[PDB]
Each structure stands twice: as C-alpha cells, then as structure tokens.
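Before any comments, here is the structure.
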Amino acid sequence: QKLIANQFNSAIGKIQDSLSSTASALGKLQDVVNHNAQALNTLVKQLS
Amino acid sequence: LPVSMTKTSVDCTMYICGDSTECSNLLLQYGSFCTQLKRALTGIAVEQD
Amino acid sequence: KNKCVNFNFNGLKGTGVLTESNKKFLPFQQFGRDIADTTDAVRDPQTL
Ligand SMILES: *[C@@H]1O[C@H](CO)[C@@H](O)[C@H](O)[C@H]1NC(C)=O
C-alpha cells in the first residue's frame with residue numbers, strides 16, 4: 001500500500017510539472033478559440 | 001477534450017448595412033435569410049450549454 | 001459633440017458620437033481607419 005500511494009503521489013507531481021513546463025500540452029483546447037477568433041476576423045475583414 | 005465553443009450572435013443590419021437606412025430598407029427584399037442565420041446561431045448557442 | 005448625430009465631413013457621411021480624440025495624428029494625417037477600413041477618427045476641416 002505504501003509503495004502504491006507513493007507512486008500515485010509522484011505521478012501527480014510529475015503531472016503538475018509536465019503541465020507547467022509544456023505550454024503546448026493544451027494546444028487541442030486553444031485550437032477551438034483560435035479557430036473562432038480567426039473566423040470572426042475573416043468575417044470582419046470581408047467588409048472591406 | 002474540448003466541450004464547447006464561444007456563443008456568437010450576429011446582427012445582420014449592423015454588418016451588411018451598418019448605419020445606412022436605405023440599405024436596411026433594401027435588405028428587407030431578400031426574405032428570411034437573417035431569420036435562418038440567427039436561428040442557426042441560437043441553436044449553436046443552446047447546444048454549447 | 002458627445003451626441004449621436006448625422007455628420008458629413010467633406011462628403012464622409014455617417015452616424016455616430018463625435019468625441020475629442022486623444023490619439024496623436026501626425027500633421028500630415030487627416031483621416032484615420034480602424035480594422036476593416038472603417039473610419040475611426042477624422043480631423044475637423046474648419047479647426048483641424
Ligand atoms: C474661416 O473663415 C472665417 C471667415 O473668413 C474666419 O473668421 C476664420 O478664422 C477661418 N478659420 C480658419 C480655420 O480658416
């Protein structure tokens with residue numbers, strides 16, 4: 001039990017470290033915002 | 001995993017005609033294009049929630 | 001000024017609120033544009 005608990009805690013800590021270090025991990029979630037913003041921008045630009 | 005988008009609302013007259021009253025009068029002759037547009041946007045908006 | 005009025009600046013017709021601008025136009029600039037080529041600011045031909 002102690003080893004399993006230690007492994008789980010270490011894995012959670014590594015999860016936090018990886019999330020903090022890697023800024024591109026959440027790219028799949030920034031993609032939707034970028035797509036919506038680009039669609040709005042091209043819609044606005046079409047007025048010209 | 002993404003779960004929802006940004007809920008967008010588009011006002012026809014402001015976009016197509018802006019402040020032009022004559023354009024707004026002319027736009028009425030094209031029918032219910034804007035009704036369909038706003039209905040679809042509203043459907044997407046409720047779908048996100 | 002500070003009222004929604006119909007304006008005509010040298011043929012530039014439109015409707016909006018005219019407010020004392022705070023963006024530093026250079027002396028050679030007499031007409032501004034925002035995104036989509038919309039007119040954002042204009043210098044008064046009578047008092048500049
Ligand atoms: C505009 O013309 C009037 C009448 O000649 C004059 O009093 C005024 O100073 C002029 N203003 C400018 C900015 O030229």
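Read the figures in this text as sums done on the coordinates, not as results from a lab. Ideal geometry is used to build each Cβ from the backbone, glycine not excepted, and the neighbour counts take in all protein chains shown.
Structure notes:
- Taking the charge dipole of the protein assembly as shown about its Cα centre, with +1 at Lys and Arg Cβ atoms and -1 at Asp and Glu Cβ atoms, the residue from B:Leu26, A:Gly27, A:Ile4 reaching farthest to the positive side is A:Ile4.
- Computed E for B:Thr35/C:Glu20 - FRET, C-beta separation, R0 41 angstrom, nearest 0.05: 0.50
- Helix A:2-21 and the long axis of chain A differ in direction by around 30°, with both axes built from C-alpha atoms.
- Proximal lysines relative to C:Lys23, as straight alpha-carbon distance under 24 Å, when same-chain residues fewer than 8 apart are discounted: A:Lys45, C:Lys1, C:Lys3, C:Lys13
- In units of the rule-of-thumb radius 2.2 N^0.38 Å, the protein assembly as shown shows an alpha carbon radius of gyration of 1.73.
- Value of Rg to Rh for chain B (Rh from inverse mean 1/r over Cα pairs, i.e. Kirkwood): 1.13
- Looking at chain A, the pairs of alpha carbons with a distance over 13 Å make up 71% of the total.
- Here's the list of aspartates and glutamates a cross-link from C:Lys24 could span, going by alpha-carbon distance under 16 Å and ignoring same-chain residues fewer than 8 apart: C:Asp34, C:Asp40, C:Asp44.
- By the rule of a C-alpha distance below 20 Å, with chain neighbours fewer than 8 residues away ignored, the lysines paired with A:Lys28 are B:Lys7.
- Placing +1 on the Cβ of every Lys and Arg and -1 on the Cβ of every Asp and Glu, with no other charges, gives the protein assembly as shown a dipole of roughly 280 debye about its Cα centre.
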